[PDB]
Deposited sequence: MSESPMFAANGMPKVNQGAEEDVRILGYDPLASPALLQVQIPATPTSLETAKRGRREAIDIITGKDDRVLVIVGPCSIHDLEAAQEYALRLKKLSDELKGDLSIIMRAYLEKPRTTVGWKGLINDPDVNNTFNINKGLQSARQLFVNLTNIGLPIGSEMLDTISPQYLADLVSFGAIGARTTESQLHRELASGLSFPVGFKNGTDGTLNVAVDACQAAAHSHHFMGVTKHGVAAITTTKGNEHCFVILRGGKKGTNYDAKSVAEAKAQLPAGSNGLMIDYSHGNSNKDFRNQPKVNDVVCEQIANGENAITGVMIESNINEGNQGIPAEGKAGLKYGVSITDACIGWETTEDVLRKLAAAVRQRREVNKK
């Protein structure tokens, strides 16, 4: 009585055929996973960097950005393992690329899944690994094969459904610290996801029973909270203090809460973080940066896509490309100096 109806949904298998992943895309995704694993587990001393737009609403602009990040990745491969941020939505307002690909308030999930997949293929096909946030348990079925890094939404860190999901993904997954500032829920999540799980889920577009093997590559993401920002050494210490033995490295988000809701502070956070890294801090193995071709953000005008400024986020504000180069080169320097403190 509360279900208006069901509209047809193309299965992942069908989508994978219409928008096939090139050998390069597959190899790229595989490579991104290996590198991320070695870093969060300490086998590698470079830093894992998830850099990119808060969200992608324009494939062309994303491709130009990707090409720039690719070039700069090759320049800093020795110190950084860069994965492009390819998030589809920011949890009223534009519901994201999957739900509203045309950015016109309509709903076209089938067209959305096609755009999202075309995007993922486009990016990985040039040798650039991507990372996306797992919003639900069904969409990953359509994109996972092209992902090298996944993050679980903060609102679902405590969800068994997402912990089960994580336990079955073929790549590292990050969980955010609780809203109260503590790391319990995230730690529990990582432990839960490490176990094998048995559950019902979509596969061919039908529901089946899944058995996962468990994911040992889950880590905590520091993202500020009710007790303030937590990227500083004091907070980092408190964070490591509550990480049971055998934990993976921590990943720090420069944006959102830790940036005090101001894209301009991301580089300031970079400074405080680079400082720790340069002085020998080995628990910080990753960072998250919201960057785009141009800085800041913009609202969606009455006209729609037609009135949007090119290369400017329509969700959270980002630092521009030039600033991103500065931030990343500085981070790379911090990593280099860190190898020395470890000599």
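Positions of the deposited sequence absent from the coordinates, in order: 1-22, 114-116, 229, 370.
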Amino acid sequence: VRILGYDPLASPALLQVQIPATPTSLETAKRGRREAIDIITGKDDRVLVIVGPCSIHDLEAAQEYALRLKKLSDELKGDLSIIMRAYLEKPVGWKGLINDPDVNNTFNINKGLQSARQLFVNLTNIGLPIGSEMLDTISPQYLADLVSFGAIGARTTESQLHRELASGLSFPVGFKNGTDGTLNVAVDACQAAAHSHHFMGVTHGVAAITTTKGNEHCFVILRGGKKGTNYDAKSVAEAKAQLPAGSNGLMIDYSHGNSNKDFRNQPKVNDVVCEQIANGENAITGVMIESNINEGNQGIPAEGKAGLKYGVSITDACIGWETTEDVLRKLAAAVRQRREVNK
From here on, numbers count along this sequence of modelled residues.
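Rigid core: the largest C-alpha set superposing within 1.5 Å between the two forms.
Root-mean-square C-alpha deviation from the shown form, taken over all structures in 7 other deposited structures of this protein superposed by the rigid core, is larger for 238-246 than for the alternative among 238-246 and 215-223.
Looking at 142-150 and 156-164, the one farther from the shown form in 7 other deposited structures of this protein by average CA distance, after a rigid core fit, turns out to be 156-164. The records show that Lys305 is omitted from the coordinate set of at least a third of the other eligible entries of this protein. Mean CA temperature factor is higher for 237-245 when stretches 156-164 and 237-245 are set side by side in the entry. Of the candidates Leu135, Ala116, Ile109, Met84, the PDB record gives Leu135 the highest C-alpha temperature factor. In the deposited entry, the Cα temperature factor of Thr41 sits in the top third of values across the chain's modelled residues. In the deposited entry, the Cα temperature factor of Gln276 sits in the top third of values across the chain's modelled residues.
The entry lists a Cα temperature factor for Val187 that places it in the lowest third of the chain's modelled residues. Compared with the other modelled residues of the chain, the Cα B-factor recorded for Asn282 ranks in the highest third. Ranked against the other modelled residues of its chain, the C-alpha B-factor of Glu303 as given in the entry falls in the highest third.
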